[PDB]
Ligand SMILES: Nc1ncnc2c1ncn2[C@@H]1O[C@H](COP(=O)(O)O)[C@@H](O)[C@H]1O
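In the block that follows, a single chain appears as structure tokens, in the form deposited without the named molecule.
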């Protein structure tokens, strides 16, 4: 049934090291040959309330990309190469059209990451799920060379922070995006922003930074990388900060994409909250030595990325680990 319409999208995602999948409960996959001492990096996550917006706008074609990007961008932060993906789709009444669009979006995300969709599962539970509601869980396994693991121990006083632009709100803080639409009485599809509906900017699929980061890591000495998700700047930057260091972000270095401006105005959101809930145009923050900055910026900006020097890291025993000046 559903397996019939997704056999293709899943097979065109297969890698040379894949041996099995979708036949039983145990996908087979050999380790990439380049690794001498391979270490498996893994993580799991979901799309969040963005799923509930997708339902509202009746568009499930890009939600699968947000799913993969939330797992894959957290793996590359340690220099891991996304090997394979798996998904647990949960629903009450299985809508084939809907579930095929989501798996289709997951295939797209996997094709961009270089990893493959080797398996998954569709669980029907009429009792726990009302209406067309569904929840998708993502799983991803990546491989990294033991001696190449980025642990952030090299980060120190003097490091410059480089930022990679986002495609929009990505996949976090959509509880507040909904709350704002509700209190503002705004219809996403009717209101237009920059010659395109507000619904397009909000539903815009998360940016996958995998190939650009795997390339950057090899050509430049990277000390740490931080994926901005839940908690925004305030939560995700200290995760890569060593003891006695403060991250000073330069707010003038960039211009917030119109969606965040719209979300701040319509919601009358405060400075701190905006940097907590939304990525404000910054999806990934990289720390590297000062001499490596010019090479890093030129590499990224010449290969489909919007990169800029967003700040620096200084020695400080302040408890306020991040400062947006």
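So that the term is clear: the rigid core is the largest set of C-alpha atoms that superpose within 1.5 Å between two forms. Shifts are known only where both forms have a C-alpha. Residue numbers count along the first chain shown, from 1.
Just so it is clear, the following notes concern the form deposited with the named molecule bound, a form of the same protein that is not shown.
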Of these, 108, 87, 200, 81, which has a heavy atom no more than 4.5 Å from the named molecule in the entry with it bound?
87
So which of 75, 237, 103, 216 gets a non-hydrogen atom within 4.5 Å of the named molecule in the entry with it bound?
103
Closest heavy atom of residue 315 to the named molecule in the entry with it bound, within 4.5 Å or not?
no
My question is simply whether residue 92 lines the interface with the named molecule in the entry with it bound - judged by any non-hydrogen atom within 4.5 Å.
no
Would residue 322 count as touching the named molecule in the entry with it bound under a 4.5 Å heavy atom rule?
no
I'd like to know whether residue 121 contacts the named molecule in the entry with it bound, with contact meaning heavy atoms within 4.5 angstroms.
yes
Answer range among 121-129, 218-226, 173-181, 203-211 for contact with the named molecule, defined in the entry with it bound as heavy atoms within 4.5 Å
121-129
Once the core is aligned, please say if the CA of residue 22 is shifted by at least 2 angstroms between the shown form and the other one.
yes
Where exactly does the backbone move between the shown form and the other one? Looking for runs of 3+ consecutive residues, each with a CA shift of 2 angstroms or more after core alignment.
20-22, 317-320
